[PDB]
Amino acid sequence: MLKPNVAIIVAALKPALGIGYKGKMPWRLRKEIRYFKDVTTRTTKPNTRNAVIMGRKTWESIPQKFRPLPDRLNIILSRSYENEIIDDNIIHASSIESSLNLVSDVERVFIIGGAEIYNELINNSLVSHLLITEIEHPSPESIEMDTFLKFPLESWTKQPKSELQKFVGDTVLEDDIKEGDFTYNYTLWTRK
């Protein structure tokens, strides 16, 4: 696949944009994990699937029994990997672009984490869209976080919900979702 548009999908706690703590997510938001699954799996074209790209640490964090993530082509990046097709669902690569050369019959490509991947790939021009779940809490300072996004948001524009709706198609987008003390909303950003 030559020069696909790539989207970053992430959930972050405002205002610092914290995303993890000691290798894990700092929260358990049930509806948010379901949205992630629906967005990353759904396709419009016929015999296609989406691709999800992740760093090695993120892959290793999913229990072995639950990987690869079903119904999507999984791509795992490591600086130590040769570009190799493991099976029909798993690819090893050392660069985003080399990995895409190995794929076909993919509709959309999503970068799914983690921190290092996000922070480096945000500056790659292949990245055209950001799907950020913006989480709010009454006392964000009480949530222990060690990992944060370093995104240059002054160069991106947050779109109206109508554009997000168009991006996700059929997916139901509820507003101000509350789970425990967290309140969240889904958003779409594009480059200025």
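When you see a residue number, it is the position in the sequence shown, counting from 1. Each form is matched to the other, and the largest set of C-alpha atoms that superpose within 1.5 Å is called the rigid core.
Self-check item: Stretch farther from the shown model on average in 8 other deposited structures of this protein, with CA RMS computed after core superposition (83 to 91, 99 to 107)
Solution: Most displaced of the pair in 8 other deposited structures of this protein: 99 to 107.
Quiz prompt | 77 to 85 set against 114 to 122, stretch whose average Cα temperature factor tops the other in the entry | solution = Higher mean C-alpha B-factor: 77 to 85.
Quiz item: As stated in the PDB record, which stretch has the larger average Cα B-factor, 166 to 174 or 9 to 17?
Solution: Higher mean C-alpha B-factor in the PDB entry: 166 to 174.
Practice problem: In terms of CA temperature factor as recorded, identify the highest of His129, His137, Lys37, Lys158. | Solution: Within the set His129, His137, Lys37, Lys158, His137 shows the top C-alpha B-factor.
Quiz item: Going by the entry, which of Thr133, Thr58, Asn47, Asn50 has the most elevated CA B factor?
Solution: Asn47 has the highest C-alpha B-factor of those listed.
Quiz item: How does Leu102 rank on Cα B-factor within its chain, lowest, middle or highest third?
Solution: Within its chain, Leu102 is a highest-third residue by C-alpha B-factor, going by the deposited values.
Practice problem: Sort the modelled residues of this chain by their C-alpha B factor and say whether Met145 lands in the lowest, middle or highest third. | Solution: Answer is highest: the recorded C-alpha B-factor places it there.
Quiz item: What third of its chain, lowest, middle or highest, does the C-alpha temperature factor of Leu2 fall into?
Solution: It belongs to the middle third of the chain when residues are ordered by C-alpha B-factor.
Quiz prompt | Cα B factor band for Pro152 (lowest, middle or highest third within the chain) | solution = Its C-alpha B-factor belongs to the highest third of this chain's values.
Quiz prompt | Within-chain third of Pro70 by Cα B-factor, per the entry | solution = Its C-alpha B-factor, which the entry lists for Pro70, ranks in the middle third among residues of this chain.
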